[PDB]
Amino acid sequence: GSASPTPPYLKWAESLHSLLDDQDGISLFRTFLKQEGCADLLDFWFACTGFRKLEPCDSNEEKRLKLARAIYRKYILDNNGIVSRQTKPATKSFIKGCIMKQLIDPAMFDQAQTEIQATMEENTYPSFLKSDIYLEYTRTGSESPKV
């Protein structure tokens, strides 16, 4: 039989994974977050995904250290920021230890990433799925162009 693709907006409602696998979804969700001062949740989540992909070798040591320090300073250390409020003290302390000791394993941010993924799942993601930009603008179909 002929396939029947799930409309993108509906796929995003099915899982945060599906939403974050679609450029249109990421853009719309990110803008929604920015308007609530929560975009750092998503930006940090992606920063961790990118960092974990880098593997250690004797020529990219300082590069990886500087990047890890940057992620830490931008999101973990910013006490006026949402990521600092949504990651546990022990989790942040572990990262601080890695940075200060210069022990930078590719998976060092895993726990914090998990915690931030959980916060999105519990609050902002479901909130986005109730937003007017999602339920009213995005969900509504486009007309077929004419003339």
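Don't overthink the numbering: it's just position in the shown sequence, from 1.
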Should the higher mean CA B-factor in the entry be assigned to 13-21 or to 135-143? 135-143
Of 114-122 and 55-63, the one with larger mean CA B-factor: 55-63
Could you tell me which one of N79, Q35, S27, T49 shows the highest CA temperature factor in the PDB record? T49
Reading the B-factor column for Cα atoms of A70, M100, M108, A39, the highest value belongs to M100
Split the chain's modelled residues into thirds by Cα B-factor; is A90 in the lowest, middle or highest one? middle
